[PDB]
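Data first, discussion second: the structure below is written as structure tokens.
No value in this document is a laboratory result; all are computed from the given coordinates. Backbone-built Cβ (ideal geometry, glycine too); neighbour counts: all protein chains shown.
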Amino acid sequence: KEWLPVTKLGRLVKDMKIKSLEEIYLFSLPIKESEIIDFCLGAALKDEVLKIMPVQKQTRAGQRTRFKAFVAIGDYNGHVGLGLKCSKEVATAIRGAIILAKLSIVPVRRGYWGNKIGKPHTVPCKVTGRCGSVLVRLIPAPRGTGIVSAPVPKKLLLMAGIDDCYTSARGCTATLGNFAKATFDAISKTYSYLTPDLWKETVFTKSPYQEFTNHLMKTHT
Amino acid sequence: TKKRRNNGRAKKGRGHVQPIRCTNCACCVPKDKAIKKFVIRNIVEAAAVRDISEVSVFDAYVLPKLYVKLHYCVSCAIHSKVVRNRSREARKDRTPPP
Amino acid sequence: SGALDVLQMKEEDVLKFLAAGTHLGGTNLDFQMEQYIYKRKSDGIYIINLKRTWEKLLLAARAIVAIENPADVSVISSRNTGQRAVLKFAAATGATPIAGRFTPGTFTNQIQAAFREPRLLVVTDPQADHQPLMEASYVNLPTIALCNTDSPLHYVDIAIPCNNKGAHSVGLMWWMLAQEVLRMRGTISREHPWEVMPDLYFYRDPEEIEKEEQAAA
Amino acid sequence: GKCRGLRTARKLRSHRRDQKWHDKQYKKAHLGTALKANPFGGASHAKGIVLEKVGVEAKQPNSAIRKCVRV
Amino acid sequence: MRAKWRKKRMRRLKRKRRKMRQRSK
Amino acid sequence: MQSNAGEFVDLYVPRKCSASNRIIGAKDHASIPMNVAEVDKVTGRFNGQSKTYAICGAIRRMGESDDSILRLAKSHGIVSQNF
Amino acid sequence: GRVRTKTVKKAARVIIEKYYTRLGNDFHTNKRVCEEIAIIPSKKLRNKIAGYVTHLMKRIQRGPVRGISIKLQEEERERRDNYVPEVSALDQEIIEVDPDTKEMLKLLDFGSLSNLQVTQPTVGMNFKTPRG
Amino acid sequence: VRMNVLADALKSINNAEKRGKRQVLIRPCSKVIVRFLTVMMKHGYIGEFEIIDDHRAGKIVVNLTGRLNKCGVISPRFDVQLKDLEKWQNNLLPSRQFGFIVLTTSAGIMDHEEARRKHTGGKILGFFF
RNA sequence: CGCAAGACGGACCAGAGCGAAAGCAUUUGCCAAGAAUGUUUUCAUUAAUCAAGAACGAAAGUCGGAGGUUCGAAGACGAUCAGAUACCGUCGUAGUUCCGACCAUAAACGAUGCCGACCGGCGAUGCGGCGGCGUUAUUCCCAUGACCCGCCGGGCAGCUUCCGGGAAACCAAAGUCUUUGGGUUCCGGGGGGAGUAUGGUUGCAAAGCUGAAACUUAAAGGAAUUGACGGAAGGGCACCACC
């Protein structure tokens, strides 16, 4: 029940030193502890098991069925994650994919169609994402448009907290894994698309490895 | 699927090469394609280099060798165990084996 | 290192480079190392620019001093040569050594025993010590490297151009870097030729260890 | 398209016109042969007179007798 | 049925149609 | 990133490569943030402040990160202009 | 076939690692040490373990062993590694030097040192390994 | 052969910025390339450039930031009414908030946003964002 | 030991060269031709790609000559086999060769149209040019060859890299593509039916070029993974294997 943190970044987050996964996402830190993402977005993170998929390794004495569980996770406020865990039975796969979904979560940059007033509703600009044959293009839309998409990328984009969007999809979208991984990859690239807004050169702040080096020596090894 | 980059053979900028005949079989094989193996070989191995040198009219007469450039049909070669199948990693090794 | 006199290259330091052989490159040249070079020789061997060597040495040492906790600097050698040199460097500077076999997943697998999570790597050879350079690219780790003229600069953020091959050169280069991080930290002064001797860091071939085991009497 | 000339309207139209015939759904509708050989003559429904009641053996897998009517 | 022999069969079948068509001429 | 009222609404402003200006995404684990310490121009000791540099993983995988820190430390005065 | 298994070796490792001070090169005492410091549930295992301990303790009396960790580390690696001669090998009175590194030091502050004997340059560029 | 010189230019500085170059040689030169570049400069996408005068067509050397995501030519130079210019920036720019279609009007080679306030259409040259 | 005839050009012979492709290997001469490099020569947009039209186009095959060594469709046997009009063997006509005339097709393959730009690294090789310590020959210096160490262009390639792409295998092109527009030709549209029928056209013929429909069908197919399997290769074990 109790979390005893193993990694350096996990130690800081439990000891209250860094308090926003925004600050983690700024220095591009690997997030390997599961409870970090369960700590900052915990009372909002909602789960939808997109698909249970029976795969089969043929052996000497008949097929060996394992189950992939594709789980999209996200608050409805600008964070999604897309976890895929393959295990012996579906209970273990779903649980393991929830954990991998958490560990995957990215921030979504969201912007405006035309009139920059109120809160951002749509994708800032046209972003494309790929996986295998699948290509998921996102285009911004005006307010009240909703997500104009298939049931799979709808479940992600809604969880991303993107209220409005026009999608396109090419290639075998029937392969839900690739189709969910493409639309997740497309979303991911919103804070990896250089807009004019981010032309002002960065005032390089201090890593929580550097900022809180003095705490980390006495608290853990 | 394309197994070899150099489609088995060793022509790049030709279009046509003269064929040779595999020695074991006798099948028309392109020269570059064929598994060519040069064999220098004593006319007697070990059992007779003792006996013949003893009955050598001469004193300190070196023996001749037998120089034959063998060509091989790809089937010719693999059945005769001159070349073995190799793993897709070890196919790319072109160094002649030690 | 730059437009400054206190951190300028001194005379006994040049004699320590020229004696070690840190000005002898390989016969080959990496495209990324063409700036850390003066000219070839006859015999084809490329000569390193020892000024540029010293500029990278101080830049490296500057980066090493900028890390507040010293105990999270990983000082890596796998190849025989640097094994001793890095093991002494960590004694001098309070860093953590990895001498010899680097377990894949030390920086990556958080459950392994050797799970050290550093803030900066130092590497005796990018080619030989390629695994930690690759695992630096999975947990954000700046890398310092002791790069020969034919050392691949993939995942190397400061390349110190040296003769990382020869045993004298490596021991010297580590000693220079160990003495400079201490001088910049303020553990030694710059007016005293430092008490620790660069022979202390040299790899000793077990022909020369069994030369010592005999020639005491 | 593989000719982006500004003065290439006819090559692009005349190519598309020629390559529409290699479609099935088009070739079918845009020739008499599909509309002639159609037993209904392009009509939705058709009144006919039963001349025998016919058992047709179902396909390979499943195996019933399908009761059809020769018209 | 190798595709070369399918062609040869169909080629000799076509040759026996310029025999039954060669009688009305 | 700012609304009709002028409010910064995006939930974090990203870092971006000190070499080629490429914004450094939340899951770029190849990306290298370095602190280069500065020195008292007669003593030769760590002052307490540094010239911090940040490279995107992409240029670091290319292997050009070396030359890009070397430029950023030359135009910063840390390194000799002569070189 | 007399190869020892992991449960014998791993035990013997950890026993030496924690209790190097009590052990020696005598089986029948090492056997009796293993009784005291560890619950080995079987006499045969107890001997197998003690037996590999003794074999390792001989290998410890020689040079260092790979998969082991003792207190000292180990008086030839901590103490002897502080070996330093009278004067260093970098203290050459006459440093051999080619004209081309003289040409680069001439384009530094170090135009002329006293202890640099520049050789007559090497003739006939002939260094590459013949192909095939 | 070389036919659209503005294509060679914009593809070469696109290739170069993807590679992360600080500057790029574009080794034929036209007055149309120079007007296009000055438009990309006024909006700060590329850095202050330089036209090398040999006694043939010039060579330009273009300082680059990491702001230019992509520049590109539309070939052929389609004619654009003020009606149609919405449907181009609709399908040819990544948003309404940024990106600029360059189109040669009679007034001069310039962005789509000035072609609105001057109230002059013309031929689409390219685009950049 | 000779003589005669007709094929063929071993070894040298290469991931080497040349050619638009097909193709091209004894010596020597003649004949025109050609890329590449070199150029402070000239013309000055003459260009790129291409319905029509055209040249060349392996082998087999056709017609009329010449020649017929070898090999060898058909055929005659001799074996194997249950059969064996086949694989194996001995003969063997057309053919294989040369000349003139057709034919115009090949997995005619890099299964990858041509032109142009840009984007990595590396050591090789072939051609030309340029530069540089040294060794060797024409010895009597030169200057030319032969090596040696570089650079430049053009070519056939190779290795390597998270450039990037791709379903992948893989590709410095198959990249610079949803961030989709450099120019242009040909050409594909689920599998069969079918490169069939039919009409035209070319051909002495064999056939080639153009070329459907009815009808039938839920797949056919690509790449890769795991397994089983092999009359594939290698390693290992066992007196339920052998010695």
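Taking a ≥ b ≥ c as the square roots of the Cα gyration tensor eigenvalues, with a/c under 1.5 meaning rounded and otherwise prolate when a/b beats b/c, else oblate, which class fits chain B? Judged from the Cα gyration tensor, chain B comes out prolate (a/c at least 1.5, a/b above b/c).
Please work out the FRET efficiency for the pair A:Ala44 and A:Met16, using the Cβ-Cβ distance as r and a Förster radius of 25 Å; give the result to the nearest 0.05. Let's see the in-between values first.
On the way: r = 20 Å, r/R0 = 0.79.
The calculated FRET efficiency here is 0.80.
Helices in chain A that qualify as membrane-span-like (whole DSSP H runs, Cα extent of at least 15 Å along the helix axis, mean Kyte-Doolittle hydropathy of -0.5 or higher) are A:90-104, A:176-188.
In chain G the longest region clear of trypsin sites (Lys or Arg not before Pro) that are loop-assigned by DSSP and have at most 16 other C-beta atoms within 10 Å covers G:23-61. Rounded to whole numbers, the Karplus 3J(HN,Hα) couplings from phi for the stretch G:116-132 are 9, 8, 6, 6, 4, x, 5, 10, x, 4, 8, 10, 6, 6, x, 7, x Hz, using 6.51 cos²θ - 1.76 cosθ + 1.60 with θ = phi - 60°, and x at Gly and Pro.
Using +1 at the C-beta of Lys and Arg and -1 at the C-beta of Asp and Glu, which of C:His23, G:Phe127, A:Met53 has the Cα lying farthest in the positive direction of the dipole of the protein assembly as shown? Farthest towards the positive end: A:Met53.
Residue by residue, the stretch G:100-105 carries 3J(HN,Hα) couplings of 7, 7, 5, 5, 8, 5 Hz when phi is fed to the Karplus relation 6.51 cos²θ - 1.76 cosθ + 1.60 (θ = phi - 60°); x denotes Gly or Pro. Each of B:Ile52, B:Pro97, B:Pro30 was scored by the projection of its Cα onto the charge dipole of chain B, and the greatest displacement toward the positive side belongs to B:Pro30; charges sit on the C-beta of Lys, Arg, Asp and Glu. For the options C:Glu135, C:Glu11, C:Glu117, a Gaussian network treatment of chain C with springs between C-alpha atoms closer than 10 Å singles out C:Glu11 as fluctuating the most. Applying the Karplus relation 6.51 cos²θ - 1.76 cosθ + 1.60 with θ = phi - 60° to the stretch A:192-202 yields 3J(HN,Hα) values of 10, 10, 5, 9, x, 3, 9, 8, 5, 4, 6 Hz, where x marks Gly and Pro. The modelled label-to-label distance between G:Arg32 and H:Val61, using points 7 Å beyond Cα along the C-beta direction, is 8.8 nm. Among the listed pairs A:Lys14/A:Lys181; A:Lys68/A:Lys155; F:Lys16/H:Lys42, those whose Cα-Cα separation exceeds 25 Å are A:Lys14/A:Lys181. DSSP finds beta bridges in the protein assembly as shown, and of those with both partners inside it, around 80 percent are antiparallel. The convex hull defined by the C-alpha atoms of the stretch A:108-201 has an orientation-averaged projected area of 6.0 nm². Of all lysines in the structure, the ones whose alpha carbon falls short of 22 Å from that of E:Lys4, not counting any fewer than 8 places away in one chain, are E:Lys14, E:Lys16. Please find the FRET efficiency linking C:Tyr138 to A:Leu4, where r is the Cβ-Cβ separation and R0 is fixed at 30 Å, and quote it to the nearest 0.05. After rounding, the FRET efficiency stands at 0.80.
Model label points for D:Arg7 and G:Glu93, set 7 angstrom from Cα along the Cα-to-Cβ axis, are 9.1 nm apart. Of the chymotrypsin sites (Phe, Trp or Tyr not before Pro) found in chain D, those that fall in a DSSP loop while having at most 15 other beta-carbon atoms within 10 Å are D:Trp21, D:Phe40. Between B:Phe58 and B:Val74, the modelled labels are 4.5 nm apart [label points 7 Å from Cα along Cα→Cβ].
Take chain A, mark every one of the trypsin sites (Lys or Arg not before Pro) that falls in a DSSP loop and has at most 10 other Cβ within 10 Å, then report the longest stretch left between them, sites excluded. Could you put the intermediate results ahead of the total?
Values: sites that count: A:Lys1, A:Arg60, A:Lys200.
Longest site-free region, per DSSP loop and neighbour criteria: A:61-199.
Mind running the shape call on the stretch C:58-181? Use the C-alpha gyration tensor, a ≥ b ≥ c as the square roots of the eigenvalues: rounded below 1.5 for a/c, prolate if a/b tops b/c, oblate otherwise.
Numbers: a/c = 1.43, a/b = 1.23, b/c = 1.17.
Rounded is the answer for the stretch C:58-181, as its axis ratio a/c remains below 1.5.
Over all residues in C:185-195, what is the mean tally of Cβ atoms on other chains that come within 10 Å of each residue's Cβ?
1
Among the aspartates and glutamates, which fall within straight-line cross-link reach of G:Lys6, defined as a Cα-Cα distance under 17 Å, with same-chain neighbours fewer than 8 residues apart omitted? Those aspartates and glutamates meeting the cut-off are G:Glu17.
Shape summary of the stretch H:69-129, radius of gyration then Dmax from alpha carbon positions: 10.3, 28 Å.
For chain D, which trypsin sites (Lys or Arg not before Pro) are both in a DSSP coil and crowded by at most 14 other Cβ atoms within 10 Å? Walk me through the numbers on the way to the answer.
Numbers: sites: D:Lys2, D:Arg4, D:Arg7, D:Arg10, D:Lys11, D:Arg13, D:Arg16, D:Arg17, D:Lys20, D:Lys24, D:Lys27, D:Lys28, D:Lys36, D:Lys47, D:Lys53, D:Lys59, D:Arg66, D:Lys67, D:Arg70; in loops: D:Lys2, D:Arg4, D:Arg7, D:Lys20, D:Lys47, D:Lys59.
In loop regions of chain D (DSSP not H, G, I, E or B), the sparsely surrounded trypsin sites (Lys or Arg not before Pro) are D:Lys2, D:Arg4, D:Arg7, D:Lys20, D:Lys47, D:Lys59.
Once the convex hull of all Cα atoms in the stretch C:1-52 is built, its volume per residue stands at 89 Å³.
Taking Cα centre as origin and charging only the Cβ of basic (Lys, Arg, +1) and acidic (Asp, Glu, -1) residues, the dipole magnitude of the protein assembly as shown rounds to 11880 debye. Calculated mean residue ellipticity, 222 nm, chain G: -12000 deg cm²/dmol, from DSSP H runs (n ≥ 4) at -39500 (n - 2.57) each, averaged per residue and rounded to 500. Residues H:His112, H:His55, H:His119 in ascending order of nearby Cβ atoms (within 10 Å, fewest first): H:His55, H:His119, H:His112. Rounded to the nearest 5, the antiparallel percentage of DSSP beta bridges internal to the stretch C:13-217 is 10%.
On the basis of the beta-carbon distance and an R0 of 45 Å, H:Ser30 and H:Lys87 show a calculated FRET efficiency of 0.95.
Remark on A:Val80: its backbone amide H falls under 5 Å from those of A:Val106, A:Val108, a criterion applied only to residues 5 or more positions apart or on other chains, H modelled at 1.01 Å from N. Summarising the amide proton neighbourhood of A:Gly111: residues at separation of 5 or more, or on other chains, whose placed amide H is nearer than 5 Å comprise A:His121, A:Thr122, A:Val123. Going from the fewest other Cβ atoms within 10 Å to the most, the residues C:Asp150, D:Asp23, A:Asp164, C:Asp157 appear in the order D:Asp23, C:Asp150, A:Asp164, C:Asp157.
Tell me the GluC sites (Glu not before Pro) within the stretch A:1-57 that lie in a loop according to DSSP and have at most 14 other beta-carbon atoms within 10 Å. All intermediate terms of the calculation are to be shown ahead of the outcome.
Details: sites: A:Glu2, A:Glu22, A:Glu23, A:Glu33, A:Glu35, A:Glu48; in loops: A:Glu2, A:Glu33.
Answer in residue order: A:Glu2.
Look at the stretch H:3-13: the mean tally of other chain Cβ atoms within 10 Å of its residues' Cβ atoms is 0.
Each of F:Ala37, F:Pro14, F:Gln2 was placed along the dipole of chain F (beta-carbon charges, centred on the mean Cα), and the one lying farthest toward the positive end is F:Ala37.
Add -39500 (n - 2.57) for each DSSP H run of 4 or more in chain F, then divide by its residues: what number comes out at 222 nm, to the nearest 500 deg cm²/dmol? Working shown, then result.
On the way: 2 runs with 16 residues, N = 83.
It lands at -5000 deg cm²/dmol.
Look at the Cα gyration tensor of chain A: its axes a ≥ b ≥ c give a/c of at least 1.5 with a/b at or below b/c, and that counts as oblate. In plain terms, chain G is cut at each of the chymotrypsin sites (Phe, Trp or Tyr not before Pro) found in a DSSP loop with at most 13 other Cβ atoms within 10 Å, and the longest leftover piece is G:1-82. Near H:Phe128, the amide H atoms lying under 5 Å from its own belong to H:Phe100, H:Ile101, H:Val102; only residues 5 or more places off or on other chains count, and H is placed 1.01 Å from N. From the cross-link list C:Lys56/F:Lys74; A:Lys51/A:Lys85; F:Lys74/G:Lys106; C:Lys16/C:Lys39; A:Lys8/A:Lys32, which pairs have alpha carbons spaced over 18 Å apart? Beyond 18 Å: F:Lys74/G:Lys106; C:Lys16/C:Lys39.
Listed by chain and number, the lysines placed with their C-alpha closer than 24 angstrom to that of B:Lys37 are B:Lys3, B:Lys11, B:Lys12, B:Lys65, B:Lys69, B:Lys81, B:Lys92; residues fewer than eight positions away on the same chain are left out.
Percent of alpha carbon pairs in the protein assembly as shown separated by more than 44 Å?
Numbers: 274791 of 475800 pairs.
The share of Cα pairs beyond 44 Å in the protein assembly as shown comes to 58 percent.
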